[PDB]
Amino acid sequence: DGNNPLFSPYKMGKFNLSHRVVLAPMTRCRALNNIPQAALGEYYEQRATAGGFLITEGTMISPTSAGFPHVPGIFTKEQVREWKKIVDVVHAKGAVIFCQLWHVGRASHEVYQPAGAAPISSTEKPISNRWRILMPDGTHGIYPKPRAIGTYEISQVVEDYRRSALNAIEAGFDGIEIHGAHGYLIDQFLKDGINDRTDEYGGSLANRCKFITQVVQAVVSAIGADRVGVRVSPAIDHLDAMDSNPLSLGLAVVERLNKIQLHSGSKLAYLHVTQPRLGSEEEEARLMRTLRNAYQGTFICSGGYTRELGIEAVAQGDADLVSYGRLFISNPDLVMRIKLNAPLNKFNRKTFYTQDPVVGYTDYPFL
C-alpha cells in the first residue's frame, strides 16, 4: 500500500517500465519557430530515468495545427531530424518516450495560422470571451470565429495525424499519444457543448466519436496499436469544452477504443485521462474508476496528483500509471523525490510559456 507501489514494475505493452511515475505532456514554448531546440534535449534528459516513461509537450501535425507560440512540430524533415537528437539523449538514459500529436482546432488565432487564415473546427462557434489566447508577445488576445470543416477535410486532418505518427517513429520515438483532450480539435468533435453538427460527425454519441475513432485507427494502422496512447478529458470544461453527460461520453469513447483493439488484434499502449479537481472529488474519482474499469488496457490517471494520491491510485487499482505535470516542471528528479519522499520544489507559473532555453526551464535544481 505505502511500501510504494509507484515503484513496482509495469509492462506497458512491449515497454517494460521500472516505475509508474510518468512525465505528463506539457507545452513549454521553447521550440523556437516550431523546431525542437537543444534546450528540449536538456529538459527531457534531466527528467528521464532508467525505465521511466516520458510524454512530450504537444507537437504540431500540420502548419494549421498550432495555437501557442514556439510549440514543436513533427510534420517536416527538419523537425524530425531535430527531434531525433532529443530522443537519442533520452534513450541514452534508458527512458521510454512518446510524442504527443496535438491539433488545437478553434483554440488558435490568425497570428498562429499560415496567411492569417481562420482556425478550423467542427463548428463555426468561437470559444467565448471568458477565455483568452496567449499571444507571441506575452499578452493575451481573442479567439476568432473558426471555420467548420467538411468531411473531405476531416479525412485530410486524419492523414496529417497518420503522417505525423510515421514521422515520430522515424525520429526514434517509442510511440505517440493522441491529444483528444482539453477542448482542442478532437474534443471539439467529442463535446456536445461544441459539436453542433448536423452531418455524420455530429448529434449522437456514435457520430461525435467518429473523428477520434478514425484518428486512432489511422495511427494504429500506421505504427501499431502497441505504440499509440490516447488521451481525453470528458469532464474538463476548458475552452468551453463541456458535455451534457461527461461520463456517458467517456464510456462511449472507451467503447470505440475497445473495438479498435479487438479488430486490430492488439492493445493500445494506454488510455490516459485528465481529472478536474468532498462531493465533487468523490464523484470525479467515481468517473475515473468507471472509465478505467471499462477500458480493456493500461490506464494512466492525471490531474492534481501528489505523491500520496499517486500511491493510493496504484495501490487501489484505480490506475496502472500516474502522470505528473506542474511538479515535474520544477522537480527534474521528481521520480527520485517521490521515491525518497524528499521535499518538492515550487514551480513558477510566470515562466511556463516563456522562450528562454534555461530560465524557468532547465534551471530548477535537483536534490
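Residue positions are given as counts along the sequence shown, with the first one as 1.
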Problem set entry | Chain break class for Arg132 to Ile133, judged by how many deposited residues have no coordinates | none
Exercise. Which of the two stretches, 246-254 or 73-81, shows the higher mean Cα temperature factor in the record?
Worked result: 73-81
Seminar exercise, completed: Avg C-alpha B-factor, entry values, 255-263 vs 280-288, higher side is 280-288
Exercise. Highest CA temperature factor in the entry: which of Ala315, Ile61, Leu54, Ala31?
Worked result: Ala315
Exercise. Which listed residue, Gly67, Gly41, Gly310, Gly325, has the largest C-alpha temperature factor in the record?
Worked result: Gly310
For this session: Comparing against every modelled residue in the chain, figure out the third that the C-alpha B-factor of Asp174 lands in (lowest, middle or highest).
Result: lowest
Seminar exercise, completed: Of the three thirds of Cα B-factor ranks in this chain, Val358 occupies the lowest
Problem set entry | Chain-relative CA temperature factor third for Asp187 | lowest
Problem set entry | Ranked C-alpha temperature factor of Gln156 among modelled chain residues, by third | middle
Exercise. Once the chain's modelled residues are ordered by C-alpha B factor and cut into thirds, is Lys93 in the lowest, middle or highest one?
Worked result: highest
